[PDB]
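Reviewing the structure listed below.
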Amino acid sequence: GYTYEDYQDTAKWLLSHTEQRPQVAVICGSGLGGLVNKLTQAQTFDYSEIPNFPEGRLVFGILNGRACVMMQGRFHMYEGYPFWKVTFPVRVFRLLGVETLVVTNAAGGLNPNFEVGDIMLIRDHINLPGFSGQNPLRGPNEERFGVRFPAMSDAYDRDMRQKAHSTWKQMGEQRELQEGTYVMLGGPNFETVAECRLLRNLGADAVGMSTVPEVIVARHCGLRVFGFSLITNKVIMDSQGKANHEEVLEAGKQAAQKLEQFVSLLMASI
Amino acid sequence: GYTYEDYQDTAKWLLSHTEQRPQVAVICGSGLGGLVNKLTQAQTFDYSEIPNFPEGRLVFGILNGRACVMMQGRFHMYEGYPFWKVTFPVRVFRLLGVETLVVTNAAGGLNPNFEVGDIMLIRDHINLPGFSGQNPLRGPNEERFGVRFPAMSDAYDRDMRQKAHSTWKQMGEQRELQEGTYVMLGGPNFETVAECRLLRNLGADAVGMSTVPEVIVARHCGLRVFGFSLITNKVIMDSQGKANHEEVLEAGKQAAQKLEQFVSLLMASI
Amino acid sequence: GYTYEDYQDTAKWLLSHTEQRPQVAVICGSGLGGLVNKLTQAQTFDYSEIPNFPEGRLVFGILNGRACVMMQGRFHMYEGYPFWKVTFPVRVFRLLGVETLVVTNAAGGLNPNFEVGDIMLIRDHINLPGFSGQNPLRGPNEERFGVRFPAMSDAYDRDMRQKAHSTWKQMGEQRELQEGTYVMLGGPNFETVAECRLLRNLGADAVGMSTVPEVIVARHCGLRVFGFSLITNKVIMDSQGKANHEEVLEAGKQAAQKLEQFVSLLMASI
Ligand code: HPA
Ligand code: HPA
Ligand code: HPA
Ligand SMILES: [Mg+2]
Ligand SMILES: [Mg+2]
Ligand SMILES: [Mg+2]
Ligand SMILES: [Zn+2]
Ligand SMILES: [Zn+2]
Ligand SMILES: [Zn+2]
């Protein structure tokens, strides 16, 4: 993996190249990267220019009177990266002094009540790769970050979920805010019909290929976490059509505007 | 992994060592290797003599007026091979100009209606190792082969399944052709009772240790896929007997003759 | 991995540094390490002094008139060790002439009928990492140890389970001996609520992060296996408290005394 020092160096480099001092880190994923704008006093860095960062920009700025750092593009295991690389940035954020992490993503809907365009607050997750030992904490533990056996049952901050449901009310949305279980699998291919039925019977509400690893690490080093998925699909019958990456579209399709205001409004609630 | 070039080289070597130009690739697995005979204008190559091939023979010839290339022996992850090695041959076939792939295997029956000696057309699969990131597509994507996020819900060609059920009718078999969900796990030990019950509740019909990876790759680079399992077992009560590799026997026990004619007859149906 | 020779060397070194010739190997895990005492003619070795051993002491002695070798501390995959390292000692034991293996551990209870302080005889297991290919037998097979495809449906010796339920009767315990399915996942974080519900619906009774690999290897080279879990937890509602490693406590809380006599009494039953 990386050593404590590597994290530190990277955090020190950041601190001396910007005056920004974020309190919140937001990780934007798969077609979610619309908030660049809305940001005030923005400063951007290419991942390539930040020492030790994995092979895509880091932007600092103020969101709604709140100092943020945003990950514009994230890392996936299906790209060939080990989880210790995918989660490297989470640890740096903690070293910058961040206290809260917002994770977001696009996912396929398993719950029949779901509709394309829906937003699902992540109340909980299912770590399939973790079932088999693929875990960002695998390996000797780093005391400076956290304990050997972190608990995960309270990962998704309850209070933030409460505020998000409140904010949405004020937004006057026509549809309700969904809430549920996100399941992570490796990708990169899309699931078969059997697979989907299986996931659904296991109690999952949405399926994707990221986020979980980042939550675990976050929770391990003490960050408060809040996350949500933008729903975009999905196939459970043997008549049909197939899943398409061109549902990056849906991420634009109406999402951006709503998502953008939602996160913005939410900033006032930390 | 291997580079595009490696595939190509291997395909070029093959093309200049044989006059055969297959349209169909068939992968024979675990005691299924009886069709060597029946083949016309046969040409065999030891995997060891073909550059870049994984550590077992490749035979070209004509089956029922159809030019084929057959993999006599396949690779398993439980042997220590990464999926990029297990699936290497699929990519070479595409580069030879193959268009259809037939995959076959031996598996333990989960569906109680199943009987030793049964043949199950694979309508769909469950990729357990894929759940955790063990996937032949893991890693940077190769555009020359296919897209980043291939769909898998229509993997098993519907039209071929229709023809196979037709051919079987004409064969006048006493028993019916089964059809169902194949689940892949890593092996090499056989499953426990708990494991089996679990697999069954997940909707699987048959369990084995191969094929899935090969399908995924196949589908990724555009081959039409058709597959089937020869059923040979399996334990779900805590009175009993245990699973034996000496059920290679069953693969002979009556299978060969039926399987052989089935595949042969099927050739006329591509 | 290790070569046959490495095992042998290690077994030879042991044999010439002690007069003890164990027949039973017991693996003590997570806060279970109380039996050091009770042992007679004890001889201890630090894992660090035994050639080839993974990075914690091996103690030989007599338990209840029975010659034993005990592993005081075991290896976990979540520590970064591959299964071939975690299971190395099992193979050495066979080479020392051991015939029976007792495995033990601490686990979280999934079965609602379970209570902290309960003892659960392991009747069967669920190998989640094995589902995905993470298996100590992965790789070329070693004939000197066992067959290529070992069966696992009769892993937990039936006769020992019968005797353990007999011994417990004589112990006059106030509560009954539980019996059930142990499920292994990688760790090191504790499970979420969703995860737990899932495991339970899959038929598991207890969940932990060890043992399974050791059983498989044991069974592969012919050892008779008996195992049990000491129950210590666990969270299935979204009111609650979280899982704590300070339930090492429970391993002391009353266990030690009972466990200690239980294993001791059991020695007379091999
Ligand atoms: O259907 C899907 N499956 C997996 N990941 C996804 N991310 C968006 N949609 C999907
Ligand atoms: O029972 C079985 N289990 C796993 N693989 C198999 N391949 C044939 N039979 C079996
Ligand atoms: O709740 C638990 N989960 C996983 N491993 C465990 N080992 C003891 N308790 C637990
Ligand atoms: Mg500036
Ligand atoms: Mg010729
Ligand atoms: Mg002595
Ligand atoms: Zn500079
Ligand atoms: Zn030549
Ligand atoms: Zn010495």
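Residue numbers (PDB author numbering), protein chains in the order written: chain A, 4 to 58, 66 to 248, 251 to 282; chain A', 4 to 58, 66 to 248, 251 to 282; chain A'', 4 to 58, 66 to 248, 251 to 282. A prime marks a further copy of an entry chain.
In this text, a Cβ means the ideal position worked out from N, Cα and C, and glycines have one as well.
Please list, in chain order, all residues of the same chain as residue i whose beta carbon is under 8 Å from its beta carbon, the five residues on each side excluded.
{"i": "residue 219/A'", "result": "86, 87, 88, 194, 195, 196, 197 and 198"}
{"i": "residue 124/A'", "result": "130, 188, 215, 216 and 241"}
{"i": "residue 153/A''", "result": "none"}
{"i": "residue 11/A'", "result": "105"}
{"i": "residue 108/A''", "result": "25, 26, 27, 28, 79 and 233"}
{"i": "residue 183/A''", "result": "270"}
Could you name the residues of the same chain whose beta carbon sits closer than 6 Å to that of residue i, not counting the 5 residues immediately before and after it, in chain order?
{"i": "residue 79/A''", "result": "25, 28 and 70"}
{"i": "residue 277/A''", "result": "177"}
{"i": "residue 44/A''", "result": "71 and 72"}
{"i": "residue 260/A''", "result": "34"}
{"i": "residue 135/A'", "result": "192 and 222"}
{"i": "residue 267/A", "result": "240"}
Please tell me whether residue i and residue j are closer than 8 Å, where the distance is taken between their beta carbons.
{"i": "residue 106/A''", "j": "residue 17/A''", "result": "yes"}
{"i": "residue 155/A''", "j": "residue 84/A''", "result": "no"}
{"i": "residue 206/A", "j": "residue 114/A", "result": "no"}
{"i": "residue 190/A'", "j": "residue 216/A'", "result": "yes"}
{"i": "residue 133/A", "j": "residue 248/A''", "result": "yes"}
{"i": "residue 104/A", "j": "residue 231/A", "result": "yes"}
{"i": "residue 203/A''", "j": "residue 245/A''", "result": "yes"}
{"i": "residue 150/A", "j": "residue 90/A''", "result": "yes"}
{"i": "residue 119/A'", "j": "residue 265/A'", "result": "no"}
{"i": "residue 222/A''", "j": "residue 137/A''", "result": "yes"}
{"i": "residue 225/A'", "j": "residue 235/A'", "result": "yes"}
{"i": "residue 139/A''", "j": "residue 143/A", "result": "yes"}
{"i": "residue 233/A", "j": "residue 111/A", "result": "yes"}
{"i": "residue 162/A'", "j": "residue 201/A", "result": "yes"}
{"i": "residue 99/A", "j": "residue 81/A", "result": "yes"}
{"i": "residue 116/A'", "j": "residue 255/A'", "result": "no"}
{"i": "residue 7/A'", "j": "residue 94/A'", "result": "no"}
Give a yes or no on whether 8 Å exceeds the smallest Cβ distance from residue i to chain A'.
{"i": "residue 226/A''", "result": "yes"}
{"i": "residue 207/A", "result": "yes"}
{"i": "residue 255/A''", "result": "no"}
{"i": "residue 116/A", "result": "no"}
{"i": "residue 162/A", "result": "no"}
Quick one: what's residue i bridged to in DSSP?
{"i": "residue 191/A'", "result": "134/A'"}
{"i": "residue 69/A''", "result": "47/A'' and 80/A''"}
{"i": "residue 31/A''", "result": "82/A''"}
{"i": "residue 214/A", "result": "DSSP output for residue 214/A lists no bridge partner at all."}
{"i": "residue 114/A", "result": "238/A"}
{"i": "residue 166/A''", "result": "235/A''"}
{"i": "residue 119/A''", "result": "216/A''"}
{"i": "residue 53/A", "result": "Answer is none; residue 53/A lacks a bridge partner."}
{"i": "residue 282/A", "result": "Residue 282/A is not bridged to any residue."}
Please confirm whether residue i has its beta-carbon closer than 8 Å to some beta-carbon of chain A.
{"i": "residue 12/A'", "result": "no"}
{"i": "residue 204/A''", "result": "yes"}
{"i": "residue 248/A''", "result": "yes"}
{"i": "residue 87/A''", "result": "yes"}
So, is the C-beta of residue i closer than 8 Å to a C-beta in chain A''?
{"i": "residue 90/A'", "result": "yes"}
Can you find the residues in the same chain that come closer than 7 Å, C-beta to C-beta, to residue i, ignoring five residues on each side of it along the sequence?
{"i": "residue 9/A''", "result": "55"}
{"i": "residue 229/A", "result": "160, 162, 165 and 235"}
Checklist entry - According to a CB-to-CB cut-off of less than 8 Å, which residues of the stretch 131-160 of chain A neighbour chain A''? => result 133, 134, 135, 136, 137, 140, 141, 142, 143, 144, 145, 147, 148, 149, 150, 151, 157, 158, 159 and 160
Checklist entry - the stretch 211-244 of chain A: which residues have C-beta closer than 7 Å to a C-beta of chain A'', in chain order? => result 212, 213 and 226
Checklist entry - Name the residues in the stretch 187-201 of chain A whose C-beta lies less than 8 Å from a C-beta of chain A'; which are they? => result 195, 196, 197, 198, 199, 200 and 201
Checklist entry - Which residues, in chain order, does the stretch 165-178 of chain A' contribute to contact with chain A at a C-beta distance below 8 Å? => result 165
Checklist entry - the stretch 252-280 of chain A': which residues have C-beta closer than 8 Å to a C-beta of chain A'', in chain order? => result 252, 254, 255, 256 and 257
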